[PDB]
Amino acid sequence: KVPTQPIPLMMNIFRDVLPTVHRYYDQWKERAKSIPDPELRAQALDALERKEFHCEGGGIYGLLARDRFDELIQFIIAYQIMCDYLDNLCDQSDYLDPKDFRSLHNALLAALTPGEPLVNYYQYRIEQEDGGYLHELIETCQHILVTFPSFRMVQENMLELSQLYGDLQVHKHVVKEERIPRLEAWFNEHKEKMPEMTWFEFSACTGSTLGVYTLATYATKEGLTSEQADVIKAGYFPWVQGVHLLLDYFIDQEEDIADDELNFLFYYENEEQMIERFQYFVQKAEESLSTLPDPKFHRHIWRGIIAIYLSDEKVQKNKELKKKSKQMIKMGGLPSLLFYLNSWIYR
């Protein structure tokens, strides 16, 4: 059974999760260095250099599936490395071709489809020589998921989340003036299936990978039901994924204002509405998490997400953002403790 008390949970993270994540992550970093195309190589290494925390955090789900610990972490790390690599490729495109963005994000759907034939995902861009990097990441996922006893029960839900994630990455990276019309028209197709929210709130809800890792985790269990697959998806989507990305965008505000970059928080009528809706998402997130198996573990993952995000220098070294962050959610001073602990370690 998973640790649900802080001390054993933290001990298992430092002893088991982080060394196991880094065993595989550090192997991908060595592979990325051998990418022949200098632009693909740079984007791969930048994602690996800057976004380690995504894999370190995602790997914590390993604790729910000890019998498949190494394999589940290898899947989460391969899938998350792909997301961060592809995000860099889309963010750094000089061409802004949505066919390219889509073709790249179809790699994530291949990763979730064992025996899906691998295509040239780079077919709509000039840079295509990755020495098999992307194919190796896809095949890693394919070969692991197929060994999970209830993968077939969760696969449809994983693909639904991955498709929504890919759609977001396509629409938000096109030429500035075409982004919001695409996102609004895209939201309009899903809004009937969704709780009452805005196009930009929906956009945030689709931008997380947490639901995919949670479904992959429970895929390791014998006799998972279609009913439970659906409970597990609904536990994270839309509310938890929403809070995750609303925080990501909260922390990235000052660089988005300065770099004229798409930030979903900027489409709220005012700050009062933003804080009120954020608090609503948090309450709905707490309610959705409580429906899950191992609810106490999920509530710990979730508190950890909020705390680590709000501990960012961008929040804690900005008097205004720090004040507004405590208005959004009170965390018993954990964000500040993590900032000052971090600040002490690296000096």
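Position 1 is the first residue in the sequence shown; the rest follow in order.
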(request) Quick one: say whether 185 to 193 or 161 to 169 has the higher mean Cα B-factor in the deposited entry. (result) 185 to 193
(request) Could you settle it for me: does 108 to 116 or 247 to 255 have the higher average Cα B factor in the PDB entry? (result) 247 to 255
(request) Please pick out which of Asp100, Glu201, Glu227, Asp84 has the largest Cα B-factor as recorded in the entry. (result) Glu227
(request) From the list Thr140, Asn88, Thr217, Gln273, select the residue with the highest C-alpha B factor recorded in the entry. (result) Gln273
(message) Using only modelled residues of the chain, where does the Cα B factor of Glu39 rank: lowest third, middle third or highest third?
(response) middle
(message) Can you tell me whether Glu287 has a C-alpha B-factor in the lowest, middle or highest third compared with the other modelled residues of the same chain?
(response) middle
(message) Split into thirds by Cα B-factor across the chain's modelled residues, where does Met331 land: lowest, middle or highest?
(response) highest
(message) Using only modelled residues of the chain, where does the Cα B factor of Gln80 rank: lowest third, middle third or highest third?
(response) lowest
(request) Classify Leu64 as lowest, middle or highest third according to the C-alpha B-factor given in the PDB entry, relative to its own chain. (result) middle
